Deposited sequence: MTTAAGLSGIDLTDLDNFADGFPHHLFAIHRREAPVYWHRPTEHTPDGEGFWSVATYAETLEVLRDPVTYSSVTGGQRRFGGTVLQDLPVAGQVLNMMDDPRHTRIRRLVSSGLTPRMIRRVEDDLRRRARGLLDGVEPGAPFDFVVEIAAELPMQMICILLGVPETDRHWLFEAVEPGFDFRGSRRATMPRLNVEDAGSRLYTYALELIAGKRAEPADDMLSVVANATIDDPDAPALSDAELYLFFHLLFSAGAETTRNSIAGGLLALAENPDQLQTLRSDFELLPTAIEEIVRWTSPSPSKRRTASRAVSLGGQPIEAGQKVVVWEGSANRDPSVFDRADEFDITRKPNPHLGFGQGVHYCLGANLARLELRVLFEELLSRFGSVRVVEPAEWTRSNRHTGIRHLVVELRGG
């Protein structure tokens, strides 16, 4: 561990480095990672690689704050200190977090869910209908990105005409206008619900939180799922032959892909974690991408198994900040794989996957496939 820099992004250029986290889990489940030239803020942090200790952190939001602690001016939930701490739902503590989470949730109505589902089924059908069997194409650009971006446009009440403003961005001006329109005439969408309850800055952070959940996190689960099934063709065949297995399979996709593999917190008081003495103000990073392959908890943790049960993965978090979009993500994955696997039992990856170079997101930038 002394020689491994978890802030050196070159270690993440080829995917999540499971082999380095095996070392971390074995040698030091909780340890103090000194800063290097790559480390945000020039400051060390506690690094947590195992499941039980990761959950200890997640389940104690008072001790392990999503805002700040000690004399630290601001923290948040990424390793770099950010002044947006406190001002966006994921970087918020109680009592404000409970209120705002209730407000956001109030906008995820049964009708919105059906609106998303109806659009997703039509769109996924159309996209998969236009695939040329056996012809190579980039699955990330042509399919994986499109579906969840349209979902988030529907949640945010972005008119169909204006969705180009969002896509081209993967903006501020358009979002502020969209925000002012909804204050003017409230509309039946989540951006309207939050805008008519907050500053424009807070609204824009919310906007980007969800644009990120779709554009990035959900897209990455989709592409990663296709790659995992491509690597496990026997499992692909089993799954396509009985979609009753799909909900269980989707959970394994999220555990395996862990698209959001790390979180930061800030200790608010002295505390002992994994036998280590944490001080008020210090940064703690948990690695759900490592917890999710902890062999203390998951049998054959380094194998993809679409039947895995139980599957208590931390891919959508755990506790008070648990992913509000978890079921939307599941719905995207379910519909996409129904339409894809109904059509195609052969998935060949024809160039090596190109990964995003990040320790905050595990994502595939390009995945060139042929479907038959």
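Colleague: Numbered from 1 along the deposited sequence, what ranges are absent from the coordinates?
Modeller: Counting from residue 1, the stretches without coordinates are 1-6, 177-201, 229-237, 413-414.
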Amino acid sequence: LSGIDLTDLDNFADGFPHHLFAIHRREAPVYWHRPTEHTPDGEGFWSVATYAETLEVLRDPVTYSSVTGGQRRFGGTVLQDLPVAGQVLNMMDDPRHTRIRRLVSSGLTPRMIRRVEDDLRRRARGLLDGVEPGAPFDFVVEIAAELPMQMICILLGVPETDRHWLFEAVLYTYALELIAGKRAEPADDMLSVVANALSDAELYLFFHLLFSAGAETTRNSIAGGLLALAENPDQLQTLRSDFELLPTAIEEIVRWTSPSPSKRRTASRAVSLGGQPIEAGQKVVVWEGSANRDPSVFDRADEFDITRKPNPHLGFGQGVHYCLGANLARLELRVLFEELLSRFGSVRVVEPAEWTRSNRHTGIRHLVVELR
From here on, numbers count along this sequence of modelled residues.
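Colleague: Counting only other entries where the flanking residues are modelled, do a third or more lack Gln71?
Modeller: Affirmative; at least a third of those entries omit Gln71.
Colleague: Could you check the entry and say whether 260-268 or 124-132 has the higher mean CA B-factor?
Modeller: The entry gives the higher C-alpha B-factor average to 124-132.
Colleague: Of the two stretches 25-33 and 47-55, which shows the higher Cα B-factor on average in the entry?
Modeller: Higher mean C-alpha B-factor in the PDB entry: 25-33.
Colleague: Report the option among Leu314, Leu333, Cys323, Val347 whose CA atom has the maximum B-factor in the deposited record.
Modeller: By C-alpha B-factor in the record, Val347 ranks first.
Colleague: Which of these, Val286, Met92, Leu226, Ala180, has its C-alpha atom at the highest B-factor, as the entry lists it?
Modeller: The listed residue with the largest C-alpha B-factor is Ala180.
Colleague: Please say which third, lowest, middle or highest, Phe139 falls into when its CA temperature factor is compared across its chain.
Modeller: Middle third - that is where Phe139 ends up once the chain's C-alpha B-factors are sorted.
Colleague: In terms of the CA temperature factor given in the entry, to which third of its chain does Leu103 belong: lowest, middle or highest?
Modeller: Middle third by C-alpha B-factor.
Colleague: Which third, lowest, middle or highest, does the CA B-factor of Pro186 fall in along this chain?
Modeller: Its C-alpha B-factor belongs to the highest third of this chain's values.
Colleague: Tell me, lowest, middle or highest third: where does the Cα B factor of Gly319 rank within its chain?
Modeller: Lowest third.
Colleague: Pull the Cα B-factor of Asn196 out of the PDB entry and bin it into the chain's lowest, middle or highest third.
Modeller: CA B-factor rank for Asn196: highest third.
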